[PDB]
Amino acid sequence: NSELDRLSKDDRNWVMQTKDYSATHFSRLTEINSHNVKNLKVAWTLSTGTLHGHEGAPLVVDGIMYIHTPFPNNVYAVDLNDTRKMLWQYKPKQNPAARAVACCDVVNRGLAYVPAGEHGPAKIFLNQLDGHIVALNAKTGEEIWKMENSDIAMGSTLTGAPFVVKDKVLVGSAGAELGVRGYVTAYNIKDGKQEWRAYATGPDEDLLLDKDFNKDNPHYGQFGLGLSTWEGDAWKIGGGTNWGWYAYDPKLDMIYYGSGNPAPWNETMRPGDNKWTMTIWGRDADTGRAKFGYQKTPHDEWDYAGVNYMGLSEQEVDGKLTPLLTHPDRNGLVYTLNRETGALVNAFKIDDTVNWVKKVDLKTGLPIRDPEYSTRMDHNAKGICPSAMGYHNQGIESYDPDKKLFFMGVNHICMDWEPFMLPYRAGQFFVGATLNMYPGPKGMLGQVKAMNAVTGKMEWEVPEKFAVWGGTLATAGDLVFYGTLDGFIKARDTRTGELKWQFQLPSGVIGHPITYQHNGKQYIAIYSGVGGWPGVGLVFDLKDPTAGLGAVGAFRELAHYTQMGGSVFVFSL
């Protein structure tokens, strides 16, 4: 959407979760910089009025900030000239049964936005946990339309954020832990009319393939693979839900996202490469037809759900300036692809302790597996890196285009895993594996890193007590900001990683920071409100270290540092 694109180039706005269509999370604002950030102070705050994890972050468009909560997914709008008043409020009624089919806390990754057009008034888009996509008027909050995307009776929910492209809003999916076959849907923004729906497994007509699907890399596989990489009808409950993030190249007219893990977690129940789970997609915006499809993790054995963000850049690859996507997966590989052809440019390890794979063969595209870190029935595999939580999870990361550096919040969590057999019953969990998690061999649970994605070269690496879960924000003031699960917001210098500032927030952060200019002054804002997957233990009062799909044990100290909360903090000089 070319107006949306233009509004995103204005430093007064923060028009989508990803900031811009390339998901740069990079601001040109310099008022706040490496040499004065030490004087950054809290300017004002809001309460969201809920507890549980607060992922994503606010939006700002045309002097209005927009706020969203976890279940029941209430939304508020705040005029930036009168920050104490709520301009409007929307408060969904949802079946509380929706809570019982969320695997890992009732998080919501947030709103999207489209400016006024032929469709026509400006809209805010909300995905609800109960499976509805709602369109609200941006200035009044009025409910314009509301459709059913996902059925909670089947374990099918929504957590990932909507995504506005041209006249279309996109809606992902969730519940691969309950055997939900994944699908992404484009609704027309005027109407709420279903335009297309692409599934992650099964027949080629359901996958929505272009006739030239994988033309440029036929060794990735092409047609019939969504059936022939499964045994019988196992694909029907096959996972590949897409609850993460998207990107868009308006020149190529292509949408980019990743499909999630195959179901069940028990690898012995679904022999086959389980295509096209775990796949970096390049789809045509108007039709949804895939032009490329790269499977990162064939026959997943680790729940390396392939939904993480897509960061677009233009960088030199063998002396030639090339359009790229970069993508730090749960499997602890940082993938960089040509975003036109889908050709693999690199796949390096985000940390050398990754052990399920020795390396990716770049000619073949295949990860060469170490059998000693496999999972399989009748075996409790010990010492696997990454754990299911990944060396990278749902955080949107950042790209400084001057430095050619990506800045990332990295997890350092490893695991034991043992499957068990279980039936599929629609509506019930369908995991079939028992996990135990703990730090990686470096000892700590998080890192923050800076890297060049083309060369694999690490610029700097600093440790963090807890996994850095919420993503980063970089700026041309030479600073990268992020929130920690123990409830700090922090700023490091982007050249060295030197810590320049921190502040103690009420609760842990699992969202990203944003920044914008309002009446000539730069602000930074962030949600505080711990939860999500690391927080399941403290959120639900779990004691058994295998509960919360293994997170409980890794994260049992988190409760010594933070409680639940729900607030928005805005900082300035």
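Residue positions are given as counts along the sequence shown, with the first one as 1.
- The mean C-alpha temperature factor is higher for 247-255 when 247-255 and 304-312 are set side by side.
- As the entry records it, the average C-alpha temperature factor is higher for 211-219, out of 167-175 and 211-219.
- Reading the B-factor column for the CA atoms of 431, 485, 444, 450 in the entry, the top value corresponds to 444.
- Out of 131, 409, 162, 117, it is 117 whose C-alpha atom has the highest B-factor in the PDB entry.
- Sort the chain's modelled residues by C-alpha temperature factor and residue 552 lands in the highest third, per the entry.
- Split the chain's modelled residues into thirds by C-alpha temperature factor. Residue 470 is in the lowest one.
- Per-chain ranking of the deposited C-alpha B factor places residue 476 in the middle third.
- For residue 43, the recorded CA temperature factor ranks within the lowest third of the chain's modelled residues.
- In the PDB entry, residue 573 places in the highest third of its chain by CA B-factor.
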